[PDB]
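Trainee: Just so it is clear, I am handing over query-v3.txt, which has compact mmCIF, N, CA and C atoms.
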# COMPACT_ATOMS: atom_id res chain seq x y z
N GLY U 44 245.28 115.20 28.76
CA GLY U 44 245.02 115.60 30.13
C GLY U 44 245.14 114.44 31.11
N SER U 45 246.36 114.16 31.55
CA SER U 45 246.61 113.07 32.48
C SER U 45 245.89 113.31 33.81
N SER U 46 245.01 112.39 34.18
CA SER U 46 244.26 112.50 35.42
C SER U 46 244.48 111.28 36.30
N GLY U 47 245.07 111.50 37.47
CA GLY U 47 245.33 110.41 38.39
C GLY U 47 244.06 109.78 38.91
N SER U 48 244.18 108.98 39.97
CA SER U 48 243.03 108.31 40.56
C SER U 48 243.41 107.66 41.89
N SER U 49 242.62 107.92 42.92
CA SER U 49 242.87 107.36 44.24
C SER U 49 241.75 106.41 44.65
N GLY U 50 242.07 105.13 44.76
CA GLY U 50 241.08 104.14 45.14
C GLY U 50 241.66 103.06 46.04
N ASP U 51 240.83 102.54 46.94
CA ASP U 51 241.26 101.49 47.86
C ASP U 51 242.17 100.49 47.16
N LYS U 52 241.68 99.93 46.06
CA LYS U 52 242.44 98.95 45.29
C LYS U 52 242.76 97.72 46.13
N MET U 53 241.77 97.27 46.91
CA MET U 53 241.95 96.11 47.76
C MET U 53 241.46 94.84 47.06
N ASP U 54 242.38 94.16 46.38
CA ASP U 54 242.05 92.94 45.66
C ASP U 54 242.36 91.71 46.51
N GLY U 55 241.32 91.08 47.04
CA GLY U 55 241.50 89.90 47.86
C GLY U 55 240.63 88.74 47.42
N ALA U 56 239.32 88.95 47.45
CA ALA U 56 238.37 87.91 47.05
C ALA U 56 237.53 88.37 45.86
N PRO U 57 238.14 88.40 44.68
CA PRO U 57 237.47 88.82 43.44
C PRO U 57 236.10 88.17 43.29
N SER U 58 235.22 88.82 42.52
CA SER U 58 233.88 88.31 42.30
C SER U 58 233.63 88.05 40.81
N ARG U 59 233.11 86.87 40.50
CA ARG U 59 232.83 86.50 39.12
C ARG U 59 231.79 87.44 38.50
N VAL U 60 230.85 87.90 39.32
CA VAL U 60 229.81 88.80 38.86
C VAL U 60 230.29 90.25 38.86
N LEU U 61 229.98 90.97 37.79
CA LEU U 61 230.38 92.36 37.66
C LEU U 61 229.17 93.28 37.58
N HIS U 62 229.22 94.39 38.29
CA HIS U 62 228.12 95.35 38.30
C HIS U 62 228.34 96.44 37.25
N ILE U 63 227.26 96.89 36.63
CA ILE U 63 227.33 97.92 35.61
C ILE U 63 226.25 98.98 35.81
N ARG U 64 226.65 100.24 35.75
CA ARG U 64 225.71 101.35 35.93
C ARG U 64 225.80 102.33 34.76
N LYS U 65 224.88 103.29 34.73
CA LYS U 65 224.85 104.29 33.67
C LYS U 65 224.78 103.63 32.30
N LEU U 66 223.86 102.68 32.15
CA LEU U 66 223.69 101.97 30.88
C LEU U 66 222.84 102.79 29.92
N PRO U 67 223.19 102.72 28.62
CA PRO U 67 222.47 103.45 27.57
C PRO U 67 220.96 103.29 27.68
N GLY U 68 220.24 104.41 27.59
CA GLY U 68 218.79 104.37 27.69
C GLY U 68 218.18 103.38 26.71
N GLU U 69 217.55 102.34 27.25
CA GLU U 69 216.91 101.32 26.42
C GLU U 69 217.96 100.49 25.68
N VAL U 70 219.02 100.13 26.39
CA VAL U 70 220.09 99.33 25.81
C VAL U 70 219.66 97.88 25.63
N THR U 71 220.12 97.26 24.55
CA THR U 71 219.79 95.88 24.25
C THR U 71 220.88 94.93 24.74
N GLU U 72 220.47 93.85 25.39
CA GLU U 72 221.42 92.86 25.90
C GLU U 72 222.60 92.70 24.95
N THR U 73 222.30 92.44 23.68
CA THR U 73 223.34 92.26 22.67
C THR U 73 224.53 93.17 22.94
N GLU U 74 224.26 94.47 23.08
CA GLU U 74 225.30 95.45 23.34
C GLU U 74 226.17 95.01 24.52
N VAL U 75 225.54 94.82 25.67
CA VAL U 75 226.26 94.40 26.87
C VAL U 75 226.93 93.05 26.67
N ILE U 76 226.40 92.26 25.74
CA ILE U 76 226.95 90.94 25.45
C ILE U 76 228.19 91.05 24.58
N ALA U 77 228.18 92.00 23.66
CA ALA U 77 229.31 92.21 22.76
C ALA U 77 230.52 92.76 23.51
N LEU U 78 230.26 93.40 24.65
CA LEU U 78 231.32 93.98 25.46
C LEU U 78 231.88 92.95 26.44
N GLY U 79 231.21 91.81 26.54
CA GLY U 79 231.66 90.76 27.43
C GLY U 79 232.23 89.57 26.69
N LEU U 80 231.83 89.41 25.43
CA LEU U 80 232.31 88.30 24.61
C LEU U 80 233.83 88.33 24.50
N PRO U 81 234.39 89.53 24.31
CA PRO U 81 235.84 89.72 24.18
C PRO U 81 236.62 88.99 25.27
N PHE U 82 236.28 89.28 26.52
CA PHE U 82 236.95 88.66 27.66
C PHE U 82 236.53 87.20 27.80
N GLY U 83 235.22 86.96 27.81
CA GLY U 83 234.71 85.61 27.94
C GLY U 83 233.26 85.50 27.52
N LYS U 84 232.66 84.34 27.77
CA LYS U 84 231.26 84.10 27.41
C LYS U 84 230.34 84.49 28.56
N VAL U 85 229.20 85.09 28.22
CA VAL U 85 228.23 85.51 29.22
C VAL U 85 227.25 84.38 29.54
N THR U 86 227.37 83.82 30.74
CA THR U 86 226.49 82.73 31.16
C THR U 86 225.23 83.27 31.83
N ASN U 87 225.35 84.45 32.44
CA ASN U 87 224.22 85.07 33.11
C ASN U 87 224.28 86.59 33.00
N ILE U 88 223.13 87.21 32.77
CA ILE U 88 223.05 88.66 32.63
C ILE U 88 221.77 89.20 33.25
N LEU U 89 221.88 90.34 33.92
CA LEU U 89 220.72 90.97 34.56
C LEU U 89 220.60 92.43 34.14
N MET U 90 219.54 92.74 33.39
CA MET U 90 219.31 94.10 32.93
C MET U 90 218.07 94.70 33.60
N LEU U 91 218.29 95.59 34.55
CA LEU U 91 217.20 96.24 35.27
C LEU U 91 216.77 97.52 34.57
N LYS U 92 215.48 97.62 34.26
CA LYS U 92 214.95 98.80 33.59
C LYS U 92 214.38 99.79 34.61
N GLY U 93 215.25 100.62 35.18
CA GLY U 93 214.82 101.60 36.16
C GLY U 93 215.92 102.58 36.52
N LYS U 94 216.99 102.07 37.11
CA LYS U 94 218.12 102.90 37.51
C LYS U 94 219.30 102.71 36.56
N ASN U 95 219.00 102.33 35.32
CA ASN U 95 220.04 102.12 34.32
C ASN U 95 221.19 101.29 34.89
N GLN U 96 220.85 100.14 35.47
CA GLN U 96 221.84 99.25 36.05
C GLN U 96 221.69 97.83 35.52
N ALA U 97 222.78 97.06 35.58
CA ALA U 97 222.76 95.69 35.10
C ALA U 97 223.98 94.92 35.60
N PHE U 98 223.82 93.62 35.79
CA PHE U 98 224.90 92.77 36.27
C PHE U 98 225.25 91.70 35.24
N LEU U 99 226.53 91.59 34.92
CA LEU U 99 227.00 90.61 33.95
C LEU U 99 227.81 89.51 34.63
N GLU U 100 227.75 88.30 34.08
CA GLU U 100 228.47 87.17 34.63
C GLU U 100 229.14 86.35 33.52
N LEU U 101 230.47 86.30 33.56
CA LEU U 101 231.23 85.56 32.56
C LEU U 101 231.38 84.09 32.97
N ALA U 102 231.61 83.23 31.98
CA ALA U 102 231.78 81.80 32.24
C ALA U 102 232.51 81.57 33.56
N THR U 103 233.69 82.16 33.68
CA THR U 103 234.50 82.01 34.89
C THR U 103 234.86 83.37 35.48
N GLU U 104 235.32 83.37 36.73
CA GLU U 104 235.70 84.60 37.40
C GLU U 104 236.93 85.23 36.74
N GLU U 105 237.89 84.38 36.38
CA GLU U 105 239.12 84.85 35.74
C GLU U 105 238.80 85.85 34.63
N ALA U 106 237.82 85.51 33.80
CA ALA U 106 237.42 86.37 32.70
C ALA U 106 236.99 87.75 33.20
N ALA U 107 236.46 87.78 34.42
CA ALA U 107 236.01 89.03 35.02
C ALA U 107 237.20 89.88 35.48
N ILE U 108 237.99 89.34 36.40
CA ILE U 108 239.15 90.05 36.92
C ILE U 108 239.90 90.76 35.80
N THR U 109 240.15 90.04 34.71
CA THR U 109 240.86 90.61 33.57
C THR U 109 240.02 91.66 32.86
N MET U 110 238.72 91.41 32.77
CA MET U 110 237.80 92.34 32.12
C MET U 110 237.90 93.72 32.75
N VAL U 111 237.49 93.82 34.01
CA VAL U 111 237.53 95.09 34.73
C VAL U 111 238.81 95.86 34.42
N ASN U 112 239.95 95.24 34.72
CA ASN U 112 241.25 95.86 34.47
C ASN U 112 241.23 96.65 33.17
N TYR U 113 240.97 95.96 32.06
CA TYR U 113 240.93 96.60 30.75
C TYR U 113 240.25 97.96 30.83
N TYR U 114 239.14 98.02 31.57
CA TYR U 114 238.39 99.27 31.72
C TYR U 114 239.03 100.16 32.78
N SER U 115 239.65 99.53 33.78
CA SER U 115 240.30 100.26 34.86
C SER U 115 241.13 101.42 34.31
N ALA U 116 241.70 101.23 33.12
CA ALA U 116 242.51 102.25 32.48
C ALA U 116 241.79 102.85 31.28
N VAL U 117 241.04 102.02 30.56
CA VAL U 117 240.30 102.47 29.39
C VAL U 117 238.85 102.77 29.74
N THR U 118 238.37 103.93 29.29
CA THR U 118 237.00 104.34 29.56
C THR U 118 236.11 104.12 28.33
N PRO U 119 235.28 103.08 28.39
CA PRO U 119 234.36 102.74 27.29
C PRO U 119 233.15 103.66 27.25
N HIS U 120 232.44 103.64 26.12
CA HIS U 120 231.26 104.48 25.95
C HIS U 120 230.26 103.82 24.99
N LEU U 121 229.03 103.65 25.45
CA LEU U 121 227.99 103.04 24.64
C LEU U 121 227.01 104.09 24.12
N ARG U 122 226.74 104.04 22.82
CA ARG U 122 225.82 104.99 22.19
C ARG U 122 226.26 106.43 22.47
N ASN U 123 227.56 106.68 22.34
CA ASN U 123 228.10 108.02 22.57
C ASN U 123 227.88 108.45 24.02
N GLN U 124 227.86 107.47 24.92
CA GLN U 124 227.65 107.75 26.34
C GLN U 124 228.57 106.89 27.20
N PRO U 125 228.98 107.44 28.36
CA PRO U 125 229.87 106.74 29.29
C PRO U 125 229.14 105.65 30.08
N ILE U 126 229.82 104.54 30.31
CA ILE U 126 229.24 103.43 31.06
C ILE U 126 230.04 103.13 32.32
N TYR U 127 229.36 102.64 33.35
CA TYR U 127 230.01 102.31 34.61
C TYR U 127 230.26 100.81 34.72
N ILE U 128 231.45 100.45 35.17
CA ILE U 128 231.82 99.05 35.33
C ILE U 128 232.67 98.84 36.57
N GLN U 129 232.19 97.98 37.47
CA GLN U 129 232.91 97.69 38.71
C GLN U 129 232.52 96.32 39.26
N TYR U 130 233.24 95.87 40.28
CA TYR U 130 232.97 94.58 40.89
C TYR U 130 231.63 94.59 41.61
N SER U 131 231.20 93.42 42.07
CA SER U 131 229.93 93.29 42.78
C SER U 131 230.15 92.72 44.18
N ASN U 132 229.20 93.01 45.07
CA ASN U 132 229.29 92.53 46.45
C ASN U 132 228.78 91.10 46.56
N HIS U 133 227.69 90.80 45.85
CA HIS U 133 227.11 89.47 45.87
C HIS U 133 228.01 88.47 45.15
N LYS U 134 228.44 87.43 45.88
CA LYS U 134 229.31 86.41 45.31
C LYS U 134 228.67 85.77 44.08
N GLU U 135 227.43 85.30 44.23
CA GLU U 135 226.71 84.67 43.13
C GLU U 135 225.67 85.62 42.55
N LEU U 136 225.39 85.45 41.26
CA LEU U 136 224.41 86.30 40.58
C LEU U 136 222.99 85.98 41.05
N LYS U 137 222.56 86.67 42.10
CA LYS U 137 221.22 86.47 42.65
C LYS U 137 220.18 86.43 41.54
N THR U 138 219.58 85.26 41.33
CA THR U 138 218.57 85.09 40.30
C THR U 138 217.37 84.32 40.83
N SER U 139 217.64 83.29 41.63
CA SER U 139 216.58 82.46 42.20
C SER U 139 216.96 82.00 43.60
N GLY U 140 215.94 81.76 44.43
CA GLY U 140 216.18 81.32 45.79
C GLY U 140 214.93 81.36 46.64
N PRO U 141 214.80 80.37 47.55
CA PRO U 141 213.64 80.27 48.45
C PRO U 141 213.74 81.22 49.63
N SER U 142 212.70 82.02 49.84
CA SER U 142 212.68 82.98 50.94
C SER U 142 212.76 82.26 52.29
N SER U 143 212.03 81.16 52.40
CA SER U 143 212.01 80.38 53.64
C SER U 143 212.14 78.89 53.34
N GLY U 144 211.42 78.43 52.33
CA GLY U 144 211.46 77.03 51.96
C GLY U 144 210.11 76.35 52.07
Can you dump the structure from the file as structure tokens?

Mentor:
Amino acid sequence: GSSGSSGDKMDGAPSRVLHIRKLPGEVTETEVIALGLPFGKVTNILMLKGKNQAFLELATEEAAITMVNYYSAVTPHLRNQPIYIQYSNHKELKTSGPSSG
């Protein structure tokens, strides 16, 4: 069942950090790590326990740009369930920072 797809597809300022949604209920980092090792090494990872969301960060951005693509055509599934993978708005993986100083 060939299914097309219409998307902006505006690639200008790629982001090293990648956003992930619809994560397996009670998923273990390892899982998300095994899906990132292929492309590159995971230097930073954020797993939020609430809206089934998480942000992954590979050693370099290059590893990301290539990563997404792979999924852009291939639809992965964790624990017999579909997972969401797309770019992120935040340039850097927000982890620490002074509110005022």

Trainee: Applying 8 Å and all atoms listed in the file, which residues near range 124-126 of chain U remain after dropping the ones on its own chain fewer than 4 positions away? List them as a ChimeraX atom specification.

Mentor: /U:63-67,118-120

Trainee: Separation of CA of residue 127 in chain U and CA of residue 57 in chain U, in Å?

Mentor: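 Answer for the CA of residue 127 in chain U to CA of residue 57 in chain U separation: 17.8 Å.
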
Trainee: Mind the document's chain letters and residue numbers, and return as a list in words the residues of chain U that DSSP labels strand (DSSP E or B).

Mentor: residues 60, 61, 62, 63, 64, 85, 86, 87, 88, 89, 90, 91, 96, 97, 98, 99, 100, 101, 120, 121, 124, 125, 127, 128, 129 and 130 of chain U

Trainee: When distances are computed from only C-alpha atoms, which of U:82, U:117, U:107, U:122 shows the smallest separation from residue 69 in chain U?

Mentor: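 Counting only C-alpha atoms, the residue closest to residue 69 in chain U is U:122.
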
Trainee: Around the point (223.1, 86.4, 41.9), in the coordinates given by the file, pick out the residues reaching within 12 Å, counting only C-alpha atoms, and return them as a PyMOL selection string.

Mentor: chain U and resi 58-62+86-89+97-100+131-140

Trainee: Work out how far apart CA of residue 142 in chain U and CA of residue 90 in chain U are and give it in Å to one decimal.

Mentor: 22.2 Å

Trainee: Please indicate the distance in Å from CA of residue 128 in chain U to CA of residue 115 in chain U, rounded to one decimal place.

Mentor: 8.6 Å
